[PDB]
Amino acid sequence: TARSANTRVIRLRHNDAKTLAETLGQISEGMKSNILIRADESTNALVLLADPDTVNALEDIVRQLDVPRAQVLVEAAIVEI
Amino acid sequence: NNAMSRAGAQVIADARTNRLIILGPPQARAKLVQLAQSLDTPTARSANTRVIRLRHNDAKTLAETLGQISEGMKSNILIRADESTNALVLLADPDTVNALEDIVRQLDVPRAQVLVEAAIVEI
Amino acid sequence: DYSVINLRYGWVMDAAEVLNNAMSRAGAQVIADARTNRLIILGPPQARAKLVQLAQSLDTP
Amino acid sequence: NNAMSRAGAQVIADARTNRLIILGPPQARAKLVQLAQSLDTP
Amino acid sequence: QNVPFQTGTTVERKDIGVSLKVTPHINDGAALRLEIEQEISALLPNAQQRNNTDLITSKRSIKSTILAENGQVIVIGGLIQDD
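Residues numbered from 1 in each chain as written, not as in the entry; some residues may be left out. Chains lettered and ligands numbered in written order. Part of a larger assembly, values for the part shown. Heavy atoms only, no water.

Taking the PDB entry as the reference, chain D is identified by name as Type II secretion system protein D belonging to Pseudomonas aeruginosa. Looking at the PDB record, one finds the entry titled "Cryo-EM structure of the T2SS secretin XcpQ from Pseudomonas aeruginosa".

The name given to chain B in the PDB entry is Type II secretion system protein D, with the source organism recorded as Pseudomonas aeruginosa.

Our focus in this paragraph is the domain arrangement of chain B. What the domain assignment reports for chain B is domain 1 (1–41) and domain 2 (47–110). Centre-to-centre separation of domain 1 of chain B and domain 2 of chain B, based on C-alpha positions: 42 Å. (Domains from an automatic or database assignment.)

Listed by partner, the interface residues are 14 residues for chain A and 14 residues for chain B. Taken together, both faces of the contact between chain A and chain B bury some 1500 Å²; the carbon and sulfur share is 61%. When the buried area of chain A at its contact with chain B is split by residue, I27, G30 and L65 of chain A rank highest and sum to 29% of it. Run the count over chain A and chain B and you get zero salt bridges. One can count three residue pairs in polar contact joining chain A with chain B. (Contact = heavy atoms within 4.5 Å. Buried area = accessible area lost by both parts, 1.4 Å probe. Salt bridge = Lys/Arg side-chain N within 4 Å of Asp/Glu carboxyl O. Polar contact = N/O pair within 3.5 Å; in protein donor to acceptor, adjacent residues only side chain to side chain.)

Glancing now at the pattern of salt bridges. Following the criterion strictly, the structure yields 11 salt bridges over all chains and no others. Of the charged contacts in the structure, one is a salt bridge between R55 of chain B and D28 of chain E, with a shortest N-O distance of 3.1 Å. With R55 of chain B in the loop between strand 3 (49–53) and helix 2 (59–69) and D28 of chain E in the loop between strand 3 (19–25) and strand 4 (32–40), this residue pair bridges two chains. The exposure class assigned to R55 of chain B is partly exposed, which follows from its relative accessible area of 43%. Overall, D28 of chain E belongs to the exposed group, its relative accessible area being 55%. The residue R105 of chain B makes a salt bridge to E101 of chain B at a minimum N-O spacing of 3.6 Å. Salt bridges linked by common partners bring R8, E59, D60 and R63 of chain A together as one network. (Helix = DSSP H or I, 4+ residues; strand = E, 2+ residues; numbered from the N terminus. Buried < 20%, exposed > 50% of the residue type's maximum accessible area, 1.4 Å probe, protein only.)

This next bit is on the side chain of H56 of chain B. By the element assignment, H56 of chain B lies in the loop between strand 3 and helix 2. Those residues in contact with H56 of chain B, other than ones at most four positions away along the chain, are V109, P110 and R111 of chain B together with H25, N27 and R33 of chain E.

Looking across the five pairs of chains in contact, one finds the most contacts between chains A and B. The two units chain B and chain D never meet; even their closest C-alpha atoms stay 11 Å apart. Nothing in chain D touches chain E, and the closest approach of their C-alpha atoms is 41 Å.

What follows concerns the interface of chain C and chain D. Each side of the interface is counted separately: chain C has 11 residues, and chain D has seven residues. Carbon and sulfur atoms make up 48% of the surface buried where chain C meets chain D, a total of about 730 Å² over both sides. Run the count over chain C and chain D and you get one salt bridge. Two residues, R16 of chain D and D14 of chain C, come together in a salt bridge whose shortest N-O distance is 3.4 Å. A per-element tally of the side of chain C that touches chain D places helix 2 (residues 45–58) of chain C first, with three residues. Of the residues in the side of chain C that touches chain D, the class split is five nonpolar, four polar and two charged. (Nonpolar A, V, L, I, M, F, W, Y, C, P; charged D, E, K, R; others polar.)

Pasting the structure below:
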């Protein structure tokens, strides 16, 4: 029955796994009957272990923290007469 | 155990297989199976979180200040930061969420620029 | 009689010490659920009605 | 609690919602609601 | 070019020529922030003293921090020197 197959594996885009993992571990006290978010820097992935409400909440965190960032082309110009 | 007044009936828990063995009247059985069916429904302290993007400010710099003011908004309160996407993770009751939104909307402004022209004349 | 009610913003943690002393020094009883914010009260119907009204005034910010 | 001499009537506080539940005579109710209205003045 | 310069003889390598170092900070929308460190060096063969390379290592060197709009040709700096 329960506390069995209640785990999750999350790939990450545009973010490191351990960097977000410290922040999710520091916010996951308020989602606590057990909560475990650990990282993997090899395939940049994130291992979740939580009840499915907490799983959906952490998916809402992750889907709003993994965005493609923006680029700037800077053209500086110097004129001297 | 305190469902019957000060015992008579009995109650036995199974926290591995989540089972309940109750030894008593049939109406307490029926009404508390109904309270079980209302009791295994999700309710509060669930989906009471928030993610805030920041403009013109770092996340950790404001996060120390919000963590140092958030003792007075305290039944739990959690503001942590992210310097990658400059964002701020809030966990609070919705009144405290609106109060911290009032803090954030008055601390993220575009700052002002000066063009300075110094001039030196010598004869 | 027995009943169970919800709370929108009210806390059964704070209201437990209230409702235990709602009856003088016990008779009626009161049971809190701080996970699902439920209140199971076992007593007179007027205390039920007046304290559901205090709950509806109590879950106001 | 010491408004009645050494109890009879009772008094119950709510420090979250600032409520007062008093169980006693109506004149203590009226005079102490008036002391409340003088008491919540700065 | 990349030239040596004496710090004693205990010489050291140092870069000479057009250079640019940008660091942006990007809002979701308009009004980007820029931290510019632009420079133009040169090297001088004409006015040589009794000493080493008179390296014009800054001829312009504007190290500023501005806040611009994403299609707007703006002016960062200037010099008008009359004599």
